Structures are given as structure tokens and as C-alpha cells.
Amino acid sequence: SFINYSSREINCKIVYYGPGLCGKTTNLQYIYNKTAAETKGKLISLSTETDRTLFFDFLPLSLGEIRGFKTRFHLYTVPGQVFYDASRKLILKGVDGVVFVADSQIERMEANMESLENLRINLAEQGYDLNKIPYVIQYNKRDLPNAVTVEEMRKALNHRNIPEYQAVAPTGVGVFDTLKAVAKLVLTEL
């Protein structure tokens, strides 16, 4: 994290982790679209010609005030696709909370597994334990006809019972509720 007693502001880093085309940038775009122009910064998206995230998406939220503190939440999304691992692992610099965006398509349940595993590897290499970090999981793409059932998707991705939220990113369903969950967890009085 980062406290600023003299400035009276709190800064936290949240990272959306997930395989390719699983909806991280979509989460952030929807968030930016429905946030008052007063409490949000510009949405930066280091993307390629194809619209896939090339380094990261970054979105600040000058959100409300804690016990008088300013509170600023820094949303990040990684490149996700496999061959950008080099860059992906960099986004977890001073990560304070994680959101795992799982693609609920059946074809990409394997890639979901691989991406969660890459997540654990990269956090450990960064000096973080996935079970120790505040982290939430999202089951994106709940609008598809053959989207894997929520239960059978938890069995494969959520053995430890961390908060799960079903979402349809483009529409925004589940998006802000996911962000709220991650934020409430990140706010550590411990």
C-alpha cells in the first residue's frame, strides 16, 4: 500500500489477472464509463493494433474518503496472453489486491487453470502468497449458451472459497460488485 499522513491520502493497487480474452480490460472500460468524471482519472490502455492488452491497462479512482483520508484505488489489468508473461509479472510490483477474471467458456477452462497457476507462480516469485493476498475471483461471460456452470467452475478454480462474482463484463453486471468486494478486502485494519 502507500499511506500519506502529511497529505492525508491512501493509495492501493489492484490487479486484474486472467487468461487471454477473459475480460479484464472490459471490466476496466465499463468501470471507467460509468464513473463520474470528477472521481476518476484517465483510462490508460497500453494495447496493440488488435485491441489486446500489450503491457497493462491503468485506471485511477479518487474514490470517496475513509476516516478522513483521501483514498485512491489504482486499477491495473495485465496482458494476460501467454507470450507476454515477461511483462505480466511486472504488474504485480506493489500489488495489494487481486481480481481473477475467469472466462466461463468451456473451451477456456484449461487456460483459466493455467492462468491462475501462472498467477500463483508470479506472486510467489514477487514474494507474495496467493492465499495470503486479498483476492477475489470473477466468472466472466455468464451470458453464453454453454457457459460452464458456476458450481463446476468453482470446483476447478475456487477450492478455498474466496468471494466469487458472476459477471457479464460488457454489460457491467457483476463488475462494480467485484470491485467493491476487492476494495473492502484490501482495506486492511490488521
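Only the largest set of C-alpha atoms that superpose within 1.5 Å between the two forms is called the rigid core. Heads up: residue numbers just count along the shown sequence, starting at 1.
- Core superposition of the other structures onto this form places the C-alphas of 82-90 farther off in 5 other deposited structures of this protein than those of the other stretch among 82-90 and 98-106.
- Taken in 5 other deposited structures of this protein and fitted on the core, 110-118 and 72-80 differ in how far their Cα atoms move from the shown form, and the one that moves more is 72-80.
- For the segment pair 69-77 and 95-103, the entry gives 69-77 the higher mean B-factor, averaged over Cα atoms.
- For the segment pair 23-31 and 144-152, the entry gives 144-152 the higher mean B-factor, averaged over Cα atoms.
- Across the residues 122, 48, 45, 62, the deposited record lists the maximum Cα B factor for 62.
- Ranked by C-alpha B-factor against the other modelled residues of its chain, residue 10 falls in the highest third.
- Among all modelled residues in this chain, the alpha-carbon of residue 128 has a temperature factor (C-alpha) in the highest third.
- Residue 113: CA B factor in the middle third of modelled residues in this chain (values from the PDB entry).
- Per-chain ranking of the deposited C-alpha B factor places residue 38 in the highest third.
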